[PDB]
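Engineer: This is the structure I have questions about; it appears just below.
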Amino acid sequence: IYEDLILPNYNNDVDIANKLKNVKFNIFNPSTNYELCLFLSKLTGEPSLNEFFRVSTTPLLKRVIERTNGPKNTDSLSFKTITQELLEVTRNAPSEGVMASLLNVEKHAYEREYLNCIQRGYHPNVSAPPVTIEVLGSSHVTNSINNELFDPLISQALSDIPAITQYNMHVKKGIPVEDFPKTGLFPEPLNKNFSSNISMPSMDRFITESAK
Amino acid sequence: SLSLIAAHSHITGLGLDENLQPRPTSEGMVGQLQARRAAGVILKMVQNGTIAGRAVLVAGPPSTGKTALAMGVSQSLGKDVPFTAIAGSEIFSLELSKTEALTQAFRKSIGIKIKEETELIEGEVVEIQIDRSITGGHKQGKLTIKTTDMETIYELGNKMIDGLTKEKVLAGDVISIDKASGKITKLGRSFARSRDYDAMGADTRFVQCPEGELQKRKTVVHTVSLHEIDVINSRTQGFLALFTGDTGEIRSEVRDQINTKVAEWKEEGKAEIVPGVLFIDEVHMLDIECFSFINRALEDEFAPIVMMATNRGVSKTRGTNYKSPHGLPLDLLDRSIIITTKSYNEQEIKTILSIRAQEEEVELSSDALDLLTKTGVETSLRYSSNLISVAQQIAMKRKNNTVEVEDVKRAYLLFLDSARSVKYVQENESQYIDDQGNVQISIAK
Amino acid sequence: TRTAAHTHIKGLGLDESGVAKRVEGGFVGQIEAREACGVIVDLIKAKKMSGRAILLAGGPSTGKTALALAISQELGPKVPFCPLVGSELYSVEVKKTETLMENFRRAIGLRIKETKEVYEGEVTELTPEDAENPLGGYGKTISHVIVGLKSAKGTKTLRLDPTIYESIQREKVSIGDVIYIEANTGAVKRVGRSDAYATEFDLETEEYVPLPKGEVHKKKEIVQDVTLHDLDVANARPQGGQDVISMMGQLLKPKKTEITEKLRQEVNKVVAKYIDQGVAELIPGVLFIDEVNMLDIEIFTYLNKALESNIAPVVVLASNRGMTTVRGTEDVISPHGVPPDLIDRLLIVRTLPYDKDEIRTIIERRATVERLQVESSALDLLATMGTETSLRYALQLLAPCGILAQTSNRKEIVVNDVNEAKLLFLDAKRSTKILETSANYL
Amino acid sequence: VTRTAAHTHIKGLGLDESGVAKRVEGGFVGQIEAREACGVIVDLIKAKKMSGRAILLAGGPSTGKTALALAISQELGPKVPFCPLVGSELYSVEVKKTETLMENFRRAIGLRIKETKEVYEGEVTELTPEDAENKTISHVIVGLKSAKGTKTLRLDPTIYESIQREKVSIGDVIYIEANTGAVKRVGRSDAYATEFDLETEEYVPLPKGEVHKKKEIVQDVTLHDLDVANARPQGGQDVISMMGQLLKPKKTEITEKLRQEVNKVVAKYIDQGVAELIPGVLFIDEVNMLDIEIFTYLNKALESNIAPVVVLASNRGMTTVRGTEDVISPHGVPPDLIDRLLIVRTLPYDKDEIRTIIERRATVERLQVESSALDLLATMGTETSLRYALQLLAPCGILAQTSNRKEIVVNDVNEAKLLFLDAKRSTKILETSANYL
Ligand SMILES: Nc1ncnc2c1ncn2[C@@H]1O[C@H](COP(=O)(O)OP(=O)(O)O)[C@@H](O)[C@H]1O
Ligand SMILES: Nc1ncnc2c1ncn2[C@@H]1O[C@H](COP(=O)(O)OP(=O)(O)O)[C@@H](O)[C@H]1O
Ligand SMILES: Nc1ncnc2c1ncn2[C@@H]1O[C@H](COP(=O)(O)OP(=O)(O)O)[C@@H](O)[C@H]1O
């Protein structure tokens, strides 16, 4: 199944059809279809005309990760709606601000209702890994599922580089700061009690769990 | 030029004079003099473009030419004006509401025209040099872009440099830059350097080397419909929804702000609006909610001229339970001016069959044309239109290039029509499954 | 510019503290209805009372929508106006009650005043100034950052806190750029490079902003107007964070979601707080729901208590049907397609049909708005055909007469042109008369 | 052995080259007029000139209209695309139902592309990337070894990085494709097996052919594959992955815009001469199951610029059309659509045609039936149904094999009649008993 459907082979036609359906006939190809690319370049104000081909041929998580902070062209039809201007005007705003305090109610509800000291109430009963797939007699399957379970860009994006390591590449190895593999994109849990499902046995629960 | 010979491929346009009067036969359309004059009035009203929200209706018997007139006004309107031809059933969608689908079809039919001046610098690159002093001068470089004929040397900037090195650029890539905006187009590897590597990358493409002047300057015009601005403004990477259909009920404030921006953009003269025609074929299959939204969707200045077709007489309006003229409620028929088509005589039928025969490249004898005229008068126009091609197939199976009366006789024998099928069903009702589901499958009893 | 079966309504034309002038504001006739709409507009501009409802009753082509547009025009552009059809509510993405509630919250407008203390200009020199006693084992020790800004007839040197340096270094701020900072936040926003310093004249990417006007130090008073639905949809979607979930929400299609009462209550709480501070101003706006006969019964049931709420604005209702069954129920025959429980809550304004003189004045008003020159005899013929068939059939027939006059190179609308354009474009009555006598169910 | 189906005895329409239909040819018997009409429309599809031609087949059940449609699909050949369909699968939950109709329309129209496949194969003898910094390597030189000799290869840095992502070192066996630039490692060489006594690396022998193999293929696609390959919402089928994707994409409505640009690119590649357009056949069976909305979207979508030759098949008489309460019509087809159709009728058979059908079915399903058993089967077929006798033909074979007898006798047919009932006898027993049969 694997060696005749998924991997390329001399008698298989996977790679040929893949290129023929993803490159030769992609409608965002500037080599064949220029005017459509120039059309969207006028619309979205994109600086590079290959960006539509890049977006059309990138997985969603990977395209989410390499998010670009570059501003667009200023002659575009991308007209920033008043909600985006409201969100960007309060991106780093102090307290005692009229537009500042209107646009954060979740932090007010957090601080008012004391959500920083609440306790975990639910833990799941069974936790499992993804179901393992076991193909006998090939190392390509082992490499493929080990790469897919532990993709270093996705794993490193849900990660953090240690501080002395960031010292080591930034000063000792001289790596520029913007060329670091990006980290810290894992969502913050609500509390320290919500971080992990394991609950320690509490001394106070021993004190309070008895009638006598 | 991917098309084949369809039903409406002979209709090149509304065959009118300079004072809006139809010819007896010109530019495809035969007869229908009053309706064609009315459609020409409609076309001139579209081309003036100073009137918004008119609703017009084409009513007639089946196979009389309402969609023929619609394709005529579409072809006479020409390009760079947005024309949208939807059906009644395309409104009903599971994850996109019907009223908002009407809003999508309304905003897809009015365009705004923007002119742009381009200064194209396209040619094969040779060398990118390093003039920076530990990135001093903001990573300055020198470019060696060449066409076939002339070669020149430029100096680039920091944004230009990390734009290129963000791309996969090296010597041999056919690259393109705007002089003004600096937009980067990496077309691919030049075809002259074809045998540099025996194996090539997946994204690598082979482009011919550009020939002539480097700094060509061209002005392009852009005609964008008003729905596309909402598409690209609703999301972040919104251009995908222009092609994948997952717009998903764009909110009303986005449309409001875009209308305000279009009014500002036209007030300063940098853009102008181009109104079009929203053609709704088979409008009788809209329920009362679609009609109630259509009645108030034609009172805005950003509303195209809606043209509808209906072959139903006094019929039941869907979504309700009362009879009504045209299959439409009376409040909609109050707002609409109705263009009426009429049936044809034998002469109009034989000229239409002659045009459709020349369109499908079938040469006809006179007797076959008269027999097809009689069959078109008796049964229907479209059956005699359909008989021509199968008669041609019978002719080449007989090793004759032209069709005689014998081929039309054989095609009439082999392929039936509506009335003969009705008679041959009512003759032998027992062999057919019916409304009560009872049938005698056995042959002998 | 463009004629869209409207725009002669410049207002009610009501006189102050009295009757309406007969031909003011583009309105002809309807003295009682225009007086009622003037009273309603006065009550709305008082801004004292919330949760009211007005229904306009009358036949087709009477002018209820024109009355609503007159209300919105006489209120002014500061007052929000949300025109709505009854079929808009049935969304297959979110429930209909949430759709009506968000259309309620869209009508309420909020204005907030403030002051913006900013430094704007073109940077001529920025210095990460060093410090005495530079700690130990550190690449730099920035005591402060001096920046030199240049604007039109203005130049300043700003001694900033050290924390602006990493924002400067991140945003690629160098000498030869136009920037725009804020005082209290201290966050740099780079507009671009200055216009004069287009030095790399061969190839460039970054657009060159002109050198900014005004002084280098500006204290402007920006007044921004928002709706309550804007605040709700801003608080609902997660702002900031930029941690996978928000970025996936930005890249994927937005989904209309059931906004709970808690979010609206918190929004109302903070809005009332800044209203009591005296810096914000709240201004309710009307909501116009047309063809209200076509809402289901559960929408009316929700509207019974949504109307009774504290913050919901007035809502204007329009219906043309008479004795009919309410949609969504079996045999509740009720006036105007509105169930009788709602009828006691709302006030009813009846609009009367016109006659020949009002029809001809409306026709000539629409012709002047369309900029078409029509004589008196053609005006009388069009009035007689309008009384004979309908008002709208005469109103939509003016433009084909103008086209047919243009074909024969005549500026004037003449009787033979209106007869010919009548022969081109039939009336619904005569089309129906064809339909009953049609052989092929035309 | 091969598995016999209900239509595996059909091979072609069996008409002569002159257009006349032979009586017993091609797995068909009888049905002369419908076979001649189907041959004519086969020639019409082979002419490749018009779009939107529509054919409705008429007749009662067990008349072989599905056999006619499959005979058309086999007379055209495997190169011409064919999309068989039943009316009930147009209704979907993910995407709207007219969109499913347009998807099947674009599925029927097909494209033919020629292509060359160039493969480099063998053991990695040397691997030396030249950096030439001005981190970013300039290129890489790669030596590949096979049993017929060795070669050396020059590669761009992108395929070098892809080589690095298959953990390729010296001694590995790889797959290099010249055009697509895809890399697939096979395993370490057999000559490097004894470096350690036991190691996780899969050991594979050297390719006994040459390193450089070339072949020419003909990639046959349809327009649906083309306009779904870039109508992708989430992005990312270019990665080749085993585990499931994070977001499961839905079938989405395909706008007119992308279809127009796909038409533009296909027309450009056609004018470049690399492609050959071929119209196909969309065969929708059970047309009575179609809703009225699909009928009028079909009418509307039959007149588009590019459209296949649609063949329709129904058995109903004067029935109400589905979705409306009062419109009666022949064949369940509304009058506006039935004006556009050309109706071809299929006639029922007499007893000798049934006997010949049963004999040919007995030949193809690998049995041997005696003549008197064939006569009883023909009488049973005329009495009850053709399909009942055709399906009862095989349990006779099971009962004959049970008694170690290769030939079917009359007693086998009688015993199968006792074992299995038709619809009519079971309906009679259903009527006689009370408590739910
Ligand atoms: N004026 C005309 N000139 C030429 N052909 C016509 C004309 N009117 C109708 N037809 C023929 O009628 C067919 C389509 O008619 P159509 O407009 O679909 O009928 P209906 O108005 O009932 O929908 C086309 O194949 C076309 O050849
Ligand atoms: N009293 C009036 N004065 C001026 N114009 C009017 C008046 N009544 C109606 N009209 C015009 O008649 C046209 C149709 O009226 P409409 O608003 O559709 O009536 P309704 O509100 O009953 O639907 C509109 O363009 C409107 O401007
Ligand atoms: N003229 C014929 N010659 C040979 N076999 C036939 C003929 N007509 C029908 N059949 C056979 O009858 C079988 C069932 O017919 P089928 O197509 O299911 O009937 P229907 O047309 O009602 O669907 C088919 O497998 C076909 O092989």
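Don't overthink the numbers, they just go from 1 along the chain as shown.
Any Cβ shown, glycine's included, is placed from N, Cα and C.
Features from Swiss-Prot:
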BINDING   B:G60, B:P61, B:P62, B:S63, B:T64, B:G65, B:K66, B:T67  ATP binding site
Engineer: Using all protein chains in view, find how many other C-beta atoms are within 10 Å of the C-beta of B:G60 (ATP binding site).
Structural biologist: 24
Engineer: In sequence order, which same-chain residues at least six apart have a C-beta under 8 angstroms from B:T67 (ATP binding site)?
Structural biologist: B:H8, B:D281, B:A309
Engineer: With 8 Å as the upper Cβ-Cβ limit, not reached, which of the binding-site residues B:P62, B:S63, B:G65, B:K66, B:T67 neighbour chain C?
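Structural biologist: Near chain C: B:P62.
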Engineer: When you measure from the Cβ of B:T64 (ATP binding site), how many other Cβ atoms are you left with inside 10 Å?
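Structural biologist: I count 23 other Cβ atoms within 10 Å of it.
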Engineer: Against chain D, with Cβ pairs under 8 Å, which of the binding-site residues B:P61, B:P62, B:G65 show up? Give them in sequence order, please.
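Structural biologist: In terms of proximity to chain D, the binding-site residues that count are B:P62, given in sequence order.
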Engineer: So what sits near B:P62 (ATP binding site) in its own chain, CB-to-CB under 8 Å and at least six residues off in sequence?
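Structural biologist: Once residues fewer than 6 apart are set aside, B:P62 (ATP binding site) is near B:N311.
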Engineer: Which of the binding-site residues B:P61, B:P62, B:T64, B:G65, B:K66, B:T67 have a Cβ less than 6 Å from any atom of ligand 1?
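Structural biologist: B:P62, B:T64, B:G65, B:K66, B:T67, in sequence order.
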Engineer: To test your reading of the ATP site: which residues beyond B:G60, B:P61, B:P62, B:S63, B:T64, B:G65, B:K66, B:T67, same chain only, put their Cβ within 8 Å of the Cβ centroid of those residues?
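Structural biologist: Result: B:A68, B:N311, B:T341.
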Engineer: Using DSSP reduced to three states, classify B:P61 (ATP binding site) as helix, strand or coil.
Structural biologist: coil
Engineer: If you count CB neighbours within 10 Å, which one among the binding-site residues B:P61, B:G65 has the smallest count?
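Structural biologist: Fewest other Cβ atoms within 10 Å, among the binding-site residues B:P61, B:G65, is found for B:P61.
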Engineer: Let me check the 10 A CB neighbour count of B:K66 (ATP binding site). How many other CB atoms are there?
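Structural biologist: The answer is 24.
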Engineer: For B:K66 (ATP binding site), which of the three DSSP-derived states applies: helix, strand, or coil?
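Structural biologist: It is helical.
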